[PDB]
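Dropping structure-v9.pdb in here (PDB, N, CA and C atoms):
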```pdb
ATOM      1  N   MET O   1       0.848  -1.232   0.000  1.00  0.00           N
ATOM      2  CA  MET O   1       0.000   0.000   0.000  1.00  0.00           C
ATOM      3  C   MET O   1       0.874   1.270   0.000  1.00  0.00           C
ATOM      4  N   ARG O   2       1.223   1.792  -1.191  1.00  0.00           N
ATOM      5  CA  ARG O   2       1.985   3.050  -1.390  1.00  0.00           C
ATOM      6  C   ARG O   2       1.460   3.852  -2.592  1.00  0.00           C
ATOM      7  N   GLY O   3       1.496   5.183  -2.482  1.00  0.00           N
ATOM      8  CA  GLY O   3       1.199   6.137  -3.563  1.00  0.00           C
ATOM      9  C   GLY O   3      -0.279   6.248  -3.980  1.00  0.00           C
ATOM     10  N   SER O   4      -0.570   7.261  -4.802  1.00  0.00           N
ATOM     11  CA  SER O   4      -1.881   7.522  -5.429  1.00  0.00           C
ATOM     12  C   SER O   4      -1.744   8.380  -6.701  1.00  0.00           C
ATOM     13  N   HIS O   5      -2.728   8.296  -7.605  1.00  0.00           N
ATOM     14  CA  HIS O   5      -2.803   9.085  -8.849  1.00  0.00           C
ATOM     15  C   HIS O   5      -4.257   9.315  -9.303  1.00  0.00           C
ATOM     16  N   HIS O   6      -4.508  10.459  -9.958  1.00  0.00           N
ATOM     17  CA  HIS O   6      -5.822  10.856 -10.492  1.00  0.00           C
ATOM     18  C   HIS O   6      -5.684  11.577 -11.843  1.00  0.00           C
ATOM     19  N   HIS O   7      -6.390  11.103 -12.872  1.00  0.00           N
ATOM     20  CA  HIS O   7      -6.398  11.672 -14.231  1.00  0.00           C
ATOM     21  C   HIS O   7      -7.748  11.478 -14.948  1.00  0.00           C
ATOM     22  N   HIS O   8      -8.798  12.108 -14.401  1.00  0.00           N
ATOM     23  CA  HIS O   8     -10.120  12.238 -15.040  1.00  0.00           C
ATOM     24  C   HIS O   8     -10.100  13.312 -16.152  1.00  0.00           C
ATOM     25  N   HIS O   9      -9.243  13.087 -17.155  1.00  0.00           N
ATOM     26  CA  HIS O   9      -8.840  14.069 -18.178  1.00  0.00           C
ATOM     27  C   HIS O   9      -9.266  13.690 -19.611  1.00  0.00           C
ATOM     28  N   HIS O  10      -9.955  12.553 -19.785  1.00  0.00           N
ATOM     29  CA  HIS O  10     -10.337  11.978 -21.085  1.00  0.00           C
ATOM     30  C   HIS O  10     -11.736  11.332 -21.025  1.00  0.00           C
ATOM     31  N   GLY O  11     -12.388  11.179 -22.178  1.00  0.00           N
ATOM     32  CA  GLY O  11     -13.708  10.565 -22.334  1.00  0.00           C
ATOM     33  C   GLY O  11     -14.123  10.436 -23.803  1.00  0.00           C
ATOM     34  N   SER O  12     -14.639   9.263 -24.191  1.00  0.00           N
ATOM     35  CA  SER O  12     -15.104   8.979 -25.559  1.00  0.00           C
ATOM     36  C   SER O  12     -16.231   7.936 -25.571  1.00  0.00           C
ATOM     37  N   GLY O  58     -17.479   8.391 -25.733  1.00  0.00           N
ATOM     38  CA  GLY O  58     -18.664   7.531 -25.837  1.00  0.00           C
ATOM     39  C   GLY O  58     -18.784   6.892 -27.225  1.00  0.00           C
ATOM     40  N   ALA O  59     -18.400   5.617 -27.330  1.00  0.00           N
ATOM     41  CA  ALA O  59     -18.363   4.839 -28.574  1.00  0.00           C
ATOM     42  C   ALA O  59     -18.551   3.327 -28.311  1.00  0.00           C
ATOM     43  N   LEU O  60     -18.511   2.512 -29.373  1.00  0.00           N
ATOM     44  CA  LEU O  60     -18.400   1.048 -29.288  1.00  0.00           C
ATOM     45  C   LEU O  60     -16.916   0.628 -29.270  1.00  0.00           C
ATOM     46  N   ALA O  61     -16.573  -0.386 -28.467  1.00  0.00           N
ATOM     47  CA  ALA O  61     -15.247  -1.014 -28.450  1.00  0.00           C
ATOM     48  C   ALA O  61     -15.266  -2.357 -29.203  1.00  0.00           C
ATOM     49  N   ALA O  62     -14.281  -2.594 -30.071  1.00  0.00           N
ATOM     50  CA  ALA O  62     -14.059  -3.896 -30.693  1.00  0.00           C
ATOM     51  C   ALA O  62     -13.290  -4.828 -29.739  1.00  0.00           C
ATOM     52  N   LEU O  63     -13.706  -6.096 -29.676  1.00  0.00           N
ATOM     53  CA  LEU O  63     -13.115  -7.135 -28.821  1.00  0.00           C
ATOM     54  C   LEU O  63     -12.594  -8.310 -29.669  1.00  0.00           C
ATOM     55  N   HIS O  64     -11.583  -9.030 -29.177  1.00  0.00           N
ATOM     56  CA  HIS O  64     -11.176 -10.322 -29.752  1.00  0.00           C
ATOM     57  C   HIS O  64     -12.250 -11.386 -29.474  1.00  0.00           C
ATOM     58  N   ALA O  65     -12.579 -12.219 -30.465  1.00  0.00           N
ATOM     59  CA  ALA O  65     -13.667 -13.202 -30.358  1.00  0.00           C
ATOM     60  C   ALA O  65     -13.219 -14.602 -29.882  1.00  0.00           C
ATOM     61  N   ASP O  66     -11.938 -14.947 -30.061  1.00  0.00           N
ATOM     62  CA  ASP O  66     -11.414 -16.313 -29.898  1.00  0.00           C
ATOM     63  C   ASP O  66      -9.926 -16.330 -29.473  1.00  0.00           C
ATOM     64  N   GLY O  67      -9.418 -17.501 -29.075  1.00  0.00           N
ATOM     65  CA  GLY O  67      -8.000 -17.740 -28.786  1.00  0.00           C
ATOM     66  C   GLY O  67      -7.517 -17.118 -27.459  1.00  0.00           C
ATOM     67  N   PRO O  68      -6.283 -16.571 -27.391  1.00  0.00           N
ATOM     68  CA  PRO O  68      -5.666 -16.112 -26.136  1.00  0.00           C
ATOM     69  C   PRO O  68      -6.419 -14.955 -25.457  1.00  0.00           C
ATOM     70  N   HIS O  69      -7.072 -14.104 -26.255  1.00  0.00           N
ATOM     71  CA  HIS O  69      -7.578 -12.790 -25.840  1.00  0.00           C
ATOM     72  C   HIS O  69      -9.103 -12.662 -25.906  1.00  0.00           C
ATOM     73  N   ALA O  70      -9.848 -13.766 -26.008  1.00  0.00           N
ATOM     74  CA  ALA O  70     -11.306 -13.742 -26.149  1.00  0.00           C
ATOM     75  C   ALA O  70     -11.988 -12.872 -25.067  1.00  0.00           C
ATOM     76  N   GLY O  71     -12.745 -11.859 -25.505  1.00  0.00           N
ATOM     77  CA  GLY O  71     -13.415 -10.865 -24.655  1.00  0.00           C
ATOM     78  C   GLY O  71     -12.572  -9.636 -24.265  1.00  0.00           C
ATOM     79  N   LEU O  72     -11.269  -9.594 -24.585  1.00  0.00           N
ATOM     80  CA  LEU O  72     -10.416  -8.414 -24.375  1.00  0.00           C
ATOM     81  C   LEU O  72     -10.577  -7.384 -25.517  1.00  0.00           C
ATOM     82  N   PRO O  73     -10.387  -6.072 -25.261  1.00  0.00           N
ATOM     83  CA  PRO O  73     -10.350  -5.039 -26.308  1.00  0.00           C
ATOM     84  C   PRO O  73      -9.192  -5.239 -27.295  1.00  0.00           C
ATOM     85  N   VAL O  74      -9.366  -4.842 -28.561  1.00  0.00           N
ATOM     86  CA  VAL O  74      -8.336  -5.056 -29.599  1.00  0.00           C
ATOM     87  C   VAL O  74      -7.258  -3.961 -29.606  1.00  0.00           C
ATOM     88  N   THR O  75      -7.627  -2.672 -29.616  1.00  0.00           N
ATOM     89  CA  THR O  75      -6.689  -1.532 -29.611  1.00  0.00           C
ATOM     90  C   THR O  75      -6.651  -0.787 -28.268  1.00  0.00           C
ATOM     91  N   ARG O  76      -5.669   0.112 -28.083  1.00  0.00           N
ATOM     92  CA  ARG O  76      -5.632   1.056 -26.943  1.00  0.00           C
ATOM     93  C   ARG O  76      -6.915   1.882 -26.851  1.00  0.00           C
ATOM     94  N   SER O  77      -7.462   2.312 -27.985  1.00  0.00           N
ATOM     95  CA  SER O  77      -8.713   3.081 -28.029  1.00  0.00           C
ATOM     96  C   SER O  77      -9.938   2.215 -27.725  1.00  0.00           C
ATOM     97  N   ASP O  78      -9.970   0.944 -28.139  1.00  0.00           N
ATOM     98  CA  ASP O  78     -11.000   0.003 -27.669  1.00  0.00           C
ATOM     99  C   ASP O  78     -10.944  -0.162 -26.147  1.00  0.00           C
ATOM    100  N   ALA O  79      -9.744  -0.296 -25.570  1.00  0.00           N
ATOM    101  CA  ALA O  79      -9.539  -0.391 -24.124  1.00  0.00           C
ATOM    102  C   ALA O  79      -9.983   0.883 -23.379  1.00  0.00           C
ATOM    103  N   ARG O  80      -9.657   2.074 -23.902  1.00  0.00           N
ATOM    104  CA  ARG O  80     -10.167   3.360 -23.388  1.00  0.00           C
ATOM    105  C   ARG O  80     -11.700   3.420 -23.424  1.00  0.00           C
ATOM    106  N   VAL O  81     -12.318   2.990 -24.524  1.00  0.00           N
ATOM    107  CA  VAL O  81     -13.776   3.042 -24.711  1.00  0.00           C
ATOM    108  C   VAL O  81     -14.467   2.029 -23.797  1.00  0.00           C
ATOM    109  N   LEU O  82     -13.866   0.850 -23.585  1.00  0.00           N
ATOM    110  CA  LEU O  82     -14.328  -0.124 -22.603  1.00  0.00           C
ATOM    111  C   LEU O  82     -14.312   0.445 -21.178  1.00  0.00           C
ATOM    112  N   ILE O  83     -13.183   1.023 -20.744  1.00  0.00           N
ATOM    113  CA  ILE O  83     -13.065   1.678 -19.429  1.00  0.00           C
ATOM    114  C   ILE O  83     -14.115   2.788 -19.295  1.00  0.00           C
ATOM    115  N   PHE O  84     -14.283   3.618 -20.325  1.00  0.00           N
ATOM    116  CA  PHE O  84     -15.226   4.729 -20.300  1.00  0.00           C
ATOM    117  C   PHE O  84     -16.689   4.273 -20.206  1.00  0.00           C
ATOM    118  N   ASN O  85     -17.150   3.375 -21.082  1.00  0.00           N
ATOM    119  CA  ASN O  85     -18.516   2.841 -21.041  1.00  0.00           C
ATOM    120  C   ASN O  85     -18.824   2.077 -19.731  1.00  0.00           C
ATOM    121  N   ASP O  86     -17.883   1.252 -19.254  1.00  0.00           N
ATOM    122  CA  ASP O  86     -18.006   0.561 -17.965  1.00  0.00           C
ATOM    123  C   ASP O  86     -18.091   1.558 -16.798  1.00  0.00           C
ATOM    124  N   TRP O  87     -17.249   2.600 -16.802  1.00  0.00           N
ATOM    125  CA  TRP O  87     -17.340   3.701 -15.849  1.00  0.00           C
ATOM    126  C   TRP O  87     -18.661   4.459 -15.964  1.00  0.00           C
ATOM    127  N   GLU O  88     -19.181   4.776 -17.154  1.00  0.00           N
ATOM    128  CA  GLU O  88     -20.481   5.448 -17.300  1.00  0.00           C
ATOM    129  C   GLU O  88     -21.612   4.632 -16.656  1.00  0.00           C
ATOM    130  N   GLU O  89     -21.675   3.320 -16.905  1.00  0.00           N
ATOM    131  CA  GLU O  89     -22.662   2.446 -16.279  1.00  0.00           C
ATOM    132  C   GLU O  89     -22.493   2.393 -14.746  1.00  0.00           C
ATOM    133  N   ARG O  90     -21.269   2.141 -14.259  1.00  0.00           N
ATOM    134  CA  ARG O  90     -20.978   2.108 -12.817  1.00  0.00           C
ATOM    135  C   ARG O  90     -21.175   3.472 -12.144  1.00  0.00           C
ATOM    136  N   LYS O  91     -20.965   4.595 -12.840  1.00  0.00           N
ATOM    137  CA  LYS O  91     -21.184   5.975 -12.366  1.00  0.00           C
ATOM    138  C   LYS O  91     -22.672   6.332 -12.302  1.00  0.00           C
ATOM    139  N   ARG O  92     -23.490   5.806 -13.221  1.00  0.00           N
ATOM    140  CA  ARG O  92     -24.962   5.867 -13.130  1.00  0.00           C
ATOM    141  C   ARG O  92     -25.495   5.044 -11.945  1.00  0.00           C
ATOM    142  N   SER O  93     -24.850   3.921 -11.605  1.00  0.00           N
ATOM    143  CA  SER O  93     -25.153   3.165 -10.372  1.00  0.00           C
ATOM    144  C   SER O  93     -24.597   3.799  -9.078  1.00  0.00           C
ATOM    145  N   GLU O  94     -23.400   4.393  -9.124  1.00  0.00           N
ATOM    146  CA  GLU O  94     -22.606   4.858  -7.975  1.00  0.00           C
ATOM    147  C   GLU O  94     -21.934   6.216  -8.299  1.00  0.00           C
ATOM    148  N   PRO O  95     -22.496   7.362  -7.863  1.00  0.00           N
ATOM    149  CA  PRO O  95     -22.165   8.684  -8.421  1.00  0.00           C
ATOM    150  C   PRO O  95     -20.740   9.192  -8.122  1.00  0.00           C
ATOM    151  N   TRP O  96     -20.026   8.564  -7.184  1.00  0.00           N
ATOM    152  CA  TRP O  96     -18.655   8.910  -6.783  1.00  0.00           C
ATOM    153  C   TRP O  96     -17.555   8.401  -7.730  1.00  0.00           C
ATOM    154  N   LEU O  97     -17.875   7.520  -8.687  1.00  0.00           N
ATOM    155  CA  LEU O  97     -16.894   6.731  -9.450  1.00  0.00           C
ATOM    156  C   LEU O  97     -15.779   7.596 -10.083  1.00  0.00           C
ATOM    157  N   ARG O  98     -14.502   7.295  -9.811  1.00  0.00           N
ATOM    158  CA  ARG O  98     -13.335   7.989 -10.401  1.00  0.00           C
ATOM    159  C   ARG O  98     -12.821   7.279 -11.662  1.00  0.00           C
ATOM    160  N   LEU O  99     -12.454   8.065 -12.676  1.00  0.00           N
ATOM    161  CA  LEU O  99     -12.050   7.601 -14.008  1.00  0.00           C
ATOM    162  C   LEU O  99     -10.558   7.886 -14.240  1.00  0.00           C
ATOM    163  N   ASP O 100      -9.798   6.854 -14.624  1.00  0.00           N
ATOM    164  CA  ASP O 100      -8.345   6.916 -14.836  1.00  0.00           C
ATOM    165  C   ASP O 100      -7.953   6.046 -16.047  1.00  0.00           C
ATOM    166  N   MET O 101      -7.668   6.667 -17.203  1.00  0.00           N
ATOM    167  CA  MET O 101      -7.424   5.950 -18.473  1.00  0.00           C
ATOM    168  C   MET O 101      -6.435   6.653 -19.426  1.00  0.00           C
ATOM    169  N   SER O 102      -5.299   7.103 -18.888  1.00  0.00           N
ATOM    170  CA  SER O 102      -4.118   7.471 -19.683  1.00  0.00           C
ATOM    171  C   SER O 102      -3.584   6.289 -20.509  1.00  0.00           C
ATOM    172  N   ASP O 103      -2.713   6.563 -21.490  1.00  0.00           N
ATOM    173  CA  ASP O 103      -2.003   5.523 -22.255  1.00  0.00           C
ATOM    174  C   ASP O 103      -1.257   4.557 -21.317  1.00  0.00           C
ATOM    175  N   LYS O 104      -0.571   5.103 -20.296  1.00  0.00           N
ATOM    176  CA  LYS O 104       0.110   4.325 -19.244  1.00  0.00           C
ATOM    177  C   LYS O 104      -0.876   3.424 -18.496  1.00  0.00           C
ATOM    178  N   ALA O 105      -2.011   3.957 -18.043  1.00  0.00           N
ATOM    179  CA  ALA O 105      -3.006   3.182 -17.296  1.00  0.00           C
ATOM    180  C   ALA O 105      -3.629   2.051 -18.134  1.00  0.00           C
ATOM    181  N   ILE O 106      -3.863   2.269 -19.432  1.00  0.00           N
ATOM    182  CA  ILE O 106      -4.336   1.229 -20.365  1.00  0.00           C
ATOM    183  C   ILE O 106      -3.274   0.136 -20.534  1.00  0.00           C
ATOM    184  N   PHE O 107      -2.002   0.473 -20.779  1.00  0.00           N
ATOM    185  CA  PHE O 107      -0.941  -0.540 -20.892  1.00  0.00           C
ATOM    186  C   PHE O 107      -0.604  -1.250 -19.562  1.00  0.00           C
ATOM    187  N   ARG O 108      -0.846  -0.620 -18.400  1.00  0.00           N
ATOM    188  CA  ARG O 108      -0.667  -1.236 -17.065  1.00  0.00           C
ATOM    189  C   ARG O 108      -1.830  -2.158 -16.669  1.00  0.00           C
ATOM    190  N   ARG O 109      -3.082  -1.748 -16.911  1.00  0.00           N
ATOM    191  CA  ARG O 109      -4.294  -2.562 -16.659  1.00  0.00           C
ATOM    192  C   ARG O 109      -4.420  -3.723 -17.652  1.00  0.00           C
ATOM    193  N   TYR O 110      -4.114  -3.454 -18.921  1.00  0.00           N
ATOM    194  CA  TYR O 110      -4.218  -4.379 -20.047  1.00  0.00           C
ATOM    195  C   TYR O 110      -2.874  -4.440 -20.817  1.00  0.00           C
ATOM    196  N   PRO O 111      -1.925  -5.310 -20.423  1.00  0.00           N
ATOM    197  CA  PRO O 111      -0.606  -5.384 -21.067  1.00  0.00           C
ATOM    198  C   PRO O 111      -0.636  -5.956 -22.495  1.00  0.00           C
ATOM    199  N   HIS O 112      -1.747  -6.573 -22.919  1.00  0.00           N
ATOM    200  CA  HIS O 112      -1.888  -7.188 -24.245  1.00  0.00           C
ATOM    201  C   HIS O 112      -2.044  -6.177 -25.403  1.00  0.00           C
ATOM    202  N   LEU O 113      -2.320  -4.889 -25.126  1.00  0.00           N
ATOM    203  CA  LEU O 113      -2.462  -3.855 -26.170  1.00  0.00           C
ATOM    204  C   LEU O 113      -1.125  -3.499 -26.854  1.00  0.00           C
ATOM    205  N   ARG O 114       0.020  -3.783 -26.213  1.00  0.00           N
ATOM    206  CA  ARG O 114       1.371  -3.482 -26.680  1.00  0.00           C
ATOM    207  C   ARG O 114       2.116  -4.749 -27.136  1.00  0.00           C
TER     208      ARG O 114
END
```
Any chance you could put this one into structure tokens?
Amino acid sequence: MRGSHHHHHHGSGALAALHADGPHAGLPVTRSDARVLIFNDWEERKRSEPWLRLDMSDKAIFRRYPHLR
């Protein structure tokens, strides 16, 4: 338990493309698919829970989802 970060600095309401089969089935295909997945999932969870914090820099996408690189 060390450190903290906040970057509610981005947002894009769209559809995300996912892999259908093999190693990555159900994962986003591009960095922008991963951003759009985080954003749409946050919009739904934020409509359920109004406090929800959003963090989706290029670094945060490659750290949460290492398969995009």
Around all listed atoms of segment 5-66 of chain O, padded 3 Å per side, what centre and edge lengths does the axis-aligned box have in Å to one decimal, as AutoDock Vina command-line options?
```
--center_x -10.8 --center_y -1.1 --center_z -19.1 --size_x 22.1 --size_y 36.4 --size_z 29.1
```
Exercise for the section: Can you work out which one of O:3, O:82, O:113, O:98 has the shortest atom-to-atom distance to residue 62 of chain O, counting all atoms listed in the file? Expected result: O:82
Exercise for the section: Just give me the gap between atom N of residue 59 of chain O and atom N of residue 101 of chain O in Å, one decimal is fine. Expected result: 14.8 Å
Practice task
Take the PyMOL selection byres (((chain O and resi 111 and name CA) around 12) and name CA), apply it to the structure above, and return the hits as a list in words.
Solution key: residues 69, 72, 73, 74, 75, 76, 79, 103, 104, 105, 106, 107, 108, 109, 110, 112, 113 and 114 of chain O
Exercise for the section: Find the spatial neighbours of residue 84 of chain O, counting all atoms listed in the file, within a cut-off of 7 Å - ignore same-chain residues fewer than 5 positions away - and output them as a ChimeraX atom specification. Expected result: /O:11-12,58,79,89
Practice task
Measure the distance from atom N of residue 95 of chain O to atom C of residue 63 of chain O in Å and round it to one decimal.
Solution key: 28.6 Å
Exercise for the section: From the DSSP assignment of the backbone, select every residue of chain O that is alpha helix (DSSP H), and format the answer as a list in words. Expected result: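 Residues meeting the alpha helix (DSSP H) criterion: residues 76, 77, 78, 79, 80, 81, 82, 83, 84, 85, 86, 87, 88, 89, 90, 91, 92, 93, 103, 104, 105, 106, 107, 108 and 109 of chain O.
For the set O:88, O:61, O:7, O:78, the residue with the smallest atom-to-atom gap to residue 100 of chain O is O:7, counting all atoms listed in the file.
Atom C of residue 64 of chain O sits 24.5 Å away from atom CA of residue 99 of chain O.
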Pull segment 85-112 of chain O out of the block and emit N, CA and C atoms, as an mmCIF file, in the first residue's frame.
```cif
data_model
loop_
_atom_site.group_PDB
_atom_site.id
_atom_site.type_symbol
_atom_site.label_atom_id
_atom_site.label_comp_id
_atom_site.auth_asym_id
_atom_site.auth_seq_id
_atom_site.Cartn_x
_atom_site.Cartn_y
_atom_site.Cartn_z
ATOM 1 N N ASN O 85 -17.150 3.375 -21.082
ATOM 2 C CA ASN O 85 -18.516 2.841 -21.041
ATOM 3 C C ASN O 85 -18.824 2.077 -19.731
ATOM 4 N N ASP O 86 -17.883 1.252 -19.254
ATOM 5 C CA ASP O 86 -18.006 0.561 -17.965
ATOM 6 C C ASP O 86 -18.091 1.558 -16.798
ATOM 7 N N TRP O 87 -17.249 2.600 -16.802
ATOM 8 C CA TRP O 87 -17.340 3.701 -15.849
ATOM 9 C C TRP O 87 -18.661 4.459 -15.964
ATOM 10 N N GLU O 88 -19.181 4.776 -17.154
ATOM 11 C CA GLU O 88 -20.481 5.448 -17.300
ATOM 12 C C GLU O 88 -21.612 4.632 -16.656
ATOM 13 N N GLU O 89 -21.675 3.320 -16.905
ATOM 14 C CA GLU O 89 -22.662 2.446 -16.279
ATOM 15 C C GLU O 89 -22.493 2.393 -14.746
ATOM 16 N N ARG O 90 -21.269 2.141 -14.259
ATOM 17 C CA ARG O 90 -20.978 2.108 -12.817
ATOM 18 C C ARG O 90 -21.175 3.472 -12.144
ATOM 19 N N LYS O 91 -20.965 4.595 -12.840
ATOM 20 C CA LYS O 91 -21.184 5.975 -12.366
ATOM 21 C C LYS O 91 -22.672 6.332 -12.302
ATOM 22 N N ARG O 92 -23.490 5.806 -13.221
ATOM 23 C CA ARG O 92 -24.962 5.867 -13.130
ATOM 24 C C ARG O 92 -25.495 5.044 -11.945
ATOM 25 N N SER O 93 -24.850 3.921 -11.605
ATOM 26 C CA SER O 93 -25.153 3.165 -10.372
ATOM 27 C C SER O 93 -24.597 3.799 -9.078
ATOM 28 N N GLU O 94 -23.400 4.393 -9.124
ATOM 29 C CA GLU O 94 -22.606 4.858 -7.975
ATOM 30 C C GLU O 94 -21.934 6.216 -8.299
ATOM 31 N N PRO O 95 -22.496 7.362 -7.863
ATOM 32 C CA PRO O 95 -22.165 8.684 -8.421
ATOM 33 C C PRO O 95 -20.740 9.192 -8.122
ATOM 34 N N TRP O 96 -20.026 8.564 -7.184
ATOM 35 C CA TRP O 96 -18.655 8.910 -6.783
ATOM 36 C C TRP O 96 -17.555 8.401 -7.730
ATOM 37 N N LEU O 97 -17.875 7.520 -8.687
ATOM 38 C CA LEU O 97 -16.894 6.731 -9.450
ATOM 39 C C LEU O 97 -15.779 7.596 -10.083
ATOM 40 N N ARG O 98 -14.502 7.295 -9.811
ATOM 41 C CA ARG O 98 -13.335 7.989 -10.401
ATOM 42 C C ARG O 98 -12.821 7.279 -11.662
ATOM 43 N N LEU O 99 -12.454 8.065 -12.676
ATOM 44 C CA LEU O 99 -12.050 7.601 -14.008
ATOM 45 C C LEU O 99 -10.558 7.886 -14.240
ATOM 46 N N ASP O 100 -9.798 6.854 -14.624
ATOM 47 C CA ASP O 100 -8.345 6.916 -14.836
ATOM 48 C C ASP O 100 -7.953 6.046 -16.047
ATOM 49 N N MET O 101 -7.668 6.667 -17.203
ATOM 50 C CA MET O 101 -7.424 5.950 -18.473
ATOM 51 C C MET O 101 -6.435 6.653 -19.426
ATOM 52 N N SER O 102 -5.299 7.103 -18.888
ATOM 53 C CA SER O 102 -4.118 7.471 -19.683
ATOM 54 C C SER O 102 -3.584 6.289 -20.509
ATOM 55 N N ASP O 103 -2.713 6.563 -21.490
ATOM 56 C CA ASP O 103 -2.003 5.523 -22.255
ATOM 57 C C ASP O 103 -1.257 4.557 -21.317
ATOM 58 N N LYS O 104 -0.571 5.103 -20.296
ATOM 59 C CA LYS O 104 0.110 4.325 -19.244
ATOM 60 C C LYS O 104 -0.876 3.424 -18.496
ATOM 61 N N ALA O 105 -2.011 3.957 -18.043
ATOM 62 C CA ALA O 105 -3.006 3.182 -17.296
ATOM 63 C C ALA O 105 -3.629 2.051 -18.134
ATOM 64 N N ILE O 106 -3.863 2.269 -19.432
ATOM 65 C CA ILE O 106 -4.336 1.229 -20.365
ATOM 66 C C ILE O 106 -3.274 0.136 -20.534
ATOM 67 N N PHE O 107 -2.002 0.473 -20.779
ATOM 68 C CA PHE O 107 -0.941 -0.540 -20.892
ATOM 69 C C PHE O 107 -0.604 -1.250 -19.562
ATOM 70 N N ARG O 108 -0.846 -0.620 -18.400
ATOM 71 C CA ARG O 108 -0.667 -1.236 -17.065
ATOM 72 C C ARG O 108 -1.830 -2.158 -16.669
ATOM 73 N N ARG O 109 -3.082 -1.748 -16.911
ATOM 74 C CA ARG O 109 -4.294 -2.562 -16.659
ATOM 75 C C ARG O 109 -4.420 -3.723 -17.652
ATOM 76 N N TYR O 110 -4.114 -3.454 -18.921
ATOM 77 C CA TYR O 110 -4.218 -4.379 -20.047
ATOM 78 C C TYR O 110 -2.874 -4.440 -20.817
ATOM 79 N N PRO O 111 -1.925 -5.310 -20.423
ATOM 80 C CA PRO O 111 -0.606 -5.384 -21.067
ATOM 81 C C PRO O 111 -0.636 -5.956 -22.495
ATOM 82 N N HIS O 112 -1.747 -6.573 -22.919
ATOM 83 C CA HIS O 112 -1.888 -7.188 -24.245
ATOM 84 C C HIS O 112 -2.044 -6.177 -25.403
#
```
